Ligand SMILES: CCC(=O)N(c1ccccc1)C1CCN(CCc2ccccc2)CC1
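Only one chain comes next, encoded as structure tokens, the form deposited without the named molecule.
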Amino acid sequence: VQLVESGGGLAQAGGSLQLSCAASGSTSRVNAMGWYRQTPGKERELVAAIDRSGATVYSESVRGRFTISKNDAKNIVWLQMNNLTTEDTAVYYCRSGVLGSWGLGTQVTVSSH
């Protein structure tokens, strides 16, 4: 199992960022994939998850603004972070349903106007 996150950046409130998660190696079609995020002092929290059928779940903080999707060809899970708010500033991590190791994640900062 190997998780590789790509993307990130400094965004403005109302802007957009696209993160990707690659699950090379093991059976990348056995369980779900999820995006998590963590802020200083706080606990890591689920953002969104997708299963092999394409079904999705979202945290209420991001429902309607973020979209999770999968490219079964390239074996990539995307987090489409739209309508960004300062609340979205965090390190973002992707994880499969078989738990295990965390990747290094990638950092997102959202600045107010």
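Each residue number is its position in the shown sequence, starting from 1. Definition used throughout: the rigid core is the maximal C-alpha set that superposes within 1.5 Å between two forms.
Of the two stretches examined, 62-70 and 76-84, the record assigns the greater average C-alpha temperature factor to 62-70.
The mean C-alpha temperature factor is higher for 93-101 when 93-101 and 10-18 are set side by side. Annotation for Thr56: CA B-factor lies in the lowest third of the chain's modelled residues. When all modelled residues of the chain are sorted by CA temperature factor, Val30 is found within the highest third.
What comes next is about the form solved in complex with the named molecule, which does not appear here.
Annotation: pocket blocked; 3 or more atoms of the named molecule, superposed via site C-alphas from its pose in the entry with it bound, fall within 2.4 angstroms of backbone or C-beta atoms.
Contact annotation: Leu46 falls outside 4.5 Å of the named molecule in the entry with it bound, judged by heavy atom distances.
Contact check for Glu87: no non-hydrogen atom falls within 4.5 Å of the named molecule in the entry with it bound. Mapping the unseen interface onto this chain, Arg65 falls outside it, with no heavy atom inside 4.5 Å of the named molecule in the entry with it bound. Using a 4.5 angstroms threshold between heavy atoms, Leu79 stays clear of the named molecule in the entry with it bound.
Shown alone, this chain has one stretch from 79-87, 23-31, 57-65, 37-45 that lies within 4.5 Å of the named molecule in the entry with it bound by heavy atoms: 23-31. Using a 4.5 Å cut-off on any heavy atom, the residues of 48-62 that reach the named molecule in the entry with it bound are, in sequence order, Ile50, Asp51, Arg52. Of the residues listed here (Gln38, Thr56, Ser59, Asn31), only one shifts its CA by 2 angstroms or more between this form and the one not shown after fitting on the rigid core, and it is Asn31. Superposition of the core reveals a Cα shift of less than 2 Å for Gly15 between this form and the one not shown. Annotation: Cα of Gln107 displaced by at least 2 Å between this form and the one not shown, core superposition. Note on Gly54 and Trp102: their C-alpha atoms are nearer in the entry with it bound, a change of at least 3 Å from this conformation. Panel note: the distance between the CA atoms of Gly100 and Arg52 is smaller in the entry with it bound than in this form, the difference being 3 Å or more.
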